[PDB]
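Encoded as structure tokens, the structure appears first; notes follow it.
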Amino acid sequence: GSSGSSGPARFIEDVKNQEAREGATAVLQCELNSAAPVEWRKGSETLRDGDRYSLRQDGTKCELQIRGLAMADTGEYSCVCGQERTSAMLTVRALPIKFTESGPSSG
């Protein structure tokens with residue numbers, strides 16, 4: 001009766017910034033006011049569940065994993081579910097190079 005509306009879903013909870021060292025697996029989770037699908041984007045691009053990407057939803061909550069985090073991957077991801085969408089900067093902290101120092105004790 002009153003305020004009778006239904007259809008599109010809005011992201012009640014915006015994902016949190018993403019941070020993981022190179023060669024890691026990011027995880028973007030969010031929540032919706034109502035059971036609805038989503039489209040995990042990236043640097044202005046649409047992503048899809050596959051080998052590297054893993055999108056999992058549980059009713060109103062969503063999830064997206066990124067296997068193979070690299071310097072390039074470092075970008076901005078947005079989860080769209082209709083008219084609105086979220087965003088969480090993903091920083092890929094390059095792993096500490098295992099550079100082997102050589103010290104023959106000469107100088």
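Lettering and numbering for the structure tokens are positional, with chains as A, B, ... in the shown order, residues counted from 1 in each chain, and ligands counted from 1 in the shown order.
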
Find the residues near stretch 1-13 of chain A: any atom within 12 Å, counting only C-alpha atoms, skip ones fewer than 4 places away on the same chain, and give them as a list in words.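 My list of contacting residues is residues 28, 29, 30, 31, 32, 33, 34, 35, 36, 37, 38, 60, 61, 62, 78, 79, 80, 81, 82, 83, 84, 85, 86, 87 and 88 of chain A.
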
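From atom CA of residue A:90 back to atom CA of residue A:42, the distance works out to 9.7 Å.
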
Interatomic distance, atom CA of residue A:46 to atom CA of residue A:74 (Å, one decimal):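 Atom CA of residue A:74 lies 15.5 Å from atom CA of residue A:46.
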
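Computed from the coordinates, the atom CA of residue A:64 to atom CA of residue A:39 distance equals 9.8 Å.
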
Mind the document's chain letters and residue numbers, and return as a tab-separated table (two decimals) with C-alpha atoms, in the first residue's frame the residues of stretch 1-98 of chain A that DSSP labels strand (DSSP E).
```tsv
chain	number	residue	atom	x	y	z
A	18	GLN	CA	41.47	-3.64	-1.34
A	19	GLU	CA	45.10	-4.29	-0.41
A	25	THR	CA	44.19	-13.12	-4.03
A	26	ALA	CA	42.05	-10.02	-3.52
A	27	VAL	CA	38.54	-10.25	-2.07
A	28	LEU	CA	35.76	-7.74	-2.72
A	29	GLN	CA	32.58	-8.27	-0.71
A	30	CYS	CA	29.43	-6.15	-0.60
A	31	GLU	CA	25.76	-6.17	0.42
A	39	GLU	CA	28.78	-7.00	-12.42
A	40	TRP	CA	32.28	-6.71	-10.95
A	53	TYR	CA	38.17	-14.21	-11.17
A	54	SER	CA	35.76	-15.82	-8.71
A	55	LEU	CA	32.36	-14.20	-8.20
A	61	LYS	CA	25.81	-10.40	-0.23
A	62	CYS	CA	28.38	-10.67	-3.02
A	63	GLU	CA	32.04	-11.61	-3.44
A	64	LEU	CA	34.82	-11.36	-6.02
A	65	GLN	CA	38.32	-12.84	-5.92
A	66	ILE	CA	41.25	-11.89	-8.15
A	67	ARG	CA	43.88	-14.61	-8.54
A	75	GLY	CA	43.39	-0.23	-10.29
A	76	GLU	CA	39.82	0.66	-9.34
A	77	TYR	CA	37.07	-1.96	-9.11
A	79	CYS	CA	30.46	-3.58	-8.39
A	80	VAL	CA	27.35	-2.59	-10.34
A	88	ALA	CA	37.25	0.17	-3.73
A	89	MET	CA	40.80	1.12	-4.71
A	90	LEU	CA	42.92	-2.02	-5.04
A	91	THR	CA	46.61	-1.53	-4.24
```
